[PDB]
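Worksheet: the structure to be examined is printed underneath.
Residue numbers start at 1 and run along the sequence shown. What you see below is based on every heavy atom in this structure, not just the backbone, and it leaves out hydrogens, waters and symmetry mates.
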Amino acid sequence: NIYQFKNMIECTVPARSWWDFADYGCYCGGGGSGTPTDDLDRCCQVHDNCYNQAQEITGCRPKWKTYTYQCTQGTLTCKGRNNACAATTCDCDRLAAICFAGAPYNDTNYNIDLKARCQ
């Protein structure tokens, strides 16, 4: 669920408040269309698409599905006790958190005008 995803981000990117990723570019946070503004935005686009794929699983709701994962000593892991839905969304979240940690963060792309620049 979103609470867990937030914690994954805090796990992989300790040097930044997770809020910095809540409204970035065309894909991070609200909005899910247009051309990704940079590498970080591409991470969010992939995450968006991943959730769309997971929701094709019967009764699978990415934003609310509670999965089993662990974050210790710099390692993020999705546990083996997850059913197909939980396993899928945990992986979507894990890959995005890892993607975030290796992508540059440009302050100029934070809180941009989605209606005007993401068409």
Side-chain angles (χ1 to χ4, degrees):
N1 61 49
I2 295 186
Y3 173 71
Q4 301 176 300
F5 181 40
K6 183 188 68 169
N7 274 274
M8 281 194 186
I9 299 171
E10 298 184 309
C11 180
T12 64
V13 186
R16 277 188 175 287
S17 175
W18 66 279
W19 290 79
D20 292 359
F21 299 102
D23 188 2
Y24 186 101
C26 291
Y27 289 90
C28 303
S33 58
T35 300
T37 60
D38 61 17
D39 288 343
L40 178 55
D41 204 20
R42 288 182 174 291
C43 288
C44 297
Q45 176 189 50
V46 171
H47 184 258
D48 264 24
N49 292 352
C50 197
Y51 267 21
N52 280 333
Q53 290 292 155
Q55 53 194 48
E56 294 188 309
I57 295 174
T58 299
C60 195
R61 303 171 282 274
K63 275 62 166 55
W64 284 283
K65 181 64 181 176
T66 295
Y67 46 68
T68 296
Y69 75 110
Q70 188 179 314
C71 156
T72 39
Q73 302 183 326
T75 297
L76 234 187
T77 304
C78 288
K79 301 194 186 175
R81 48 162 70 159
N82 296 306
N83 59 26
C85 173
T88 294
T89 145
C90 185
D91 218 55
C92 292
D93 287 356
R94 181 175 68 75
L95 293 181
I98 293 175
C99 194
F100 287 2
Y105 188 106
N106 174 31
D107 298 302
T108 297
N109 292 320
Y110 181 70
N111 182 213
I112 65 175
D113 192 345
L114 305 178
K115 182 181 177 178
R117 294 206 271 161
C118 303
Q119 292 180 55

Closest non-hydrogen atom pair, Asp41 against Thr35: OD2-O, 4.4 Å
Are we looking at SG atoms under 2.5 Å apart for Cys44 and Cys28? yes
Using the rule given for side-chain hydrogen bond (donor to acceptor under 3.5 Å, both in side chains), can you reason through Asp38 versus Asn109, listing the C-alpha separation, both sets of side-chain angles and the distance that settles it, and then say yes or no? CA-CA 9 Å; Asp38 61 17; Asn109 292 320; 3.1 Å; yes
ILVMFWY network linking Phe100 to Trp19, side-chain heavy atoms under 4.5 angstrom: yes
So, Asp93 and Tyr67: side-chain donor and acceptor under 3.5 Å apart, yes or no? yes
Minimum heavy-atom distance between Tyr69 and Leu76, given as atom pair plus value: CD1-CD2, 3.9 Å
Near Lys63 NZ, under 6.0 Å, is it more than 12 heavy atoms from other residues, nucleotides or ligands? no
Side chain of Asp23, backbone of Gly29: donor and acceptor closer than 3.5 Å? no
So, for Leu40 and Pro104, which heavy atoms are closest and what is the spacing to 0.1 Å? CB-O, 3.8 Å
Taking atom CZ of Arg16 as the centre, does the number of heavy atoms from other residues, nucleotides or ligands within less than 6.0 Å exceed 12? yes
When you check the side-chain N and O atoms of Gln70 and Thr72, is any donor under 3.5 Å from an acceptor? yes
Over all heavy atoms of both residues, which pair between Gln119 and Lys115 is shortest? Give the atoms and the distance, please. NE2-O, 2.8 Å
Within the structure provided, determine whether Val46 and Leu95 are in side-chain contact (heavy-atom separation under 4.5 Å). no
Hey, does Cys26 have a side-chain heavy atom less than 4.5 Å from the side chain of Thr37? yes
Shortest non-hydrogen pair, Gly31 vs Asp48, comes out as O-OD2, 3.9 Å
What I'd like to find out is whether the side chain of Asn83 reaches to under 4.5 Å of the side chain of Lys65, using heavy atoms alone. yes
Are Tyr24 and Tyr105 near enough that their ring centres are under 6.0 Å apart? yes
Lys/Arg-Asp/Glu bridge criterion (N-O < 4.0 Å) met for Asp113, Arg117: no
Under a plain distance cut-off of 3.5 Å, with no hydrogens placed, do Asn7 and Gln4 share a side-chain donor-acceptor pair? no
Does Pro62 reach the side chain of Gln55, with side-chain heavy atoms less than 4.5 Å apart? yes
Honestly, is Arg42 close enough over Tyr27, meaning NZ or CZ under 6.0 Å from the six-membered ring centre and within 45° of the axis? no
With a 4.5 Å limit on heavy-atom distance, are the side chains of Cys71 and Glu10 in contact? no
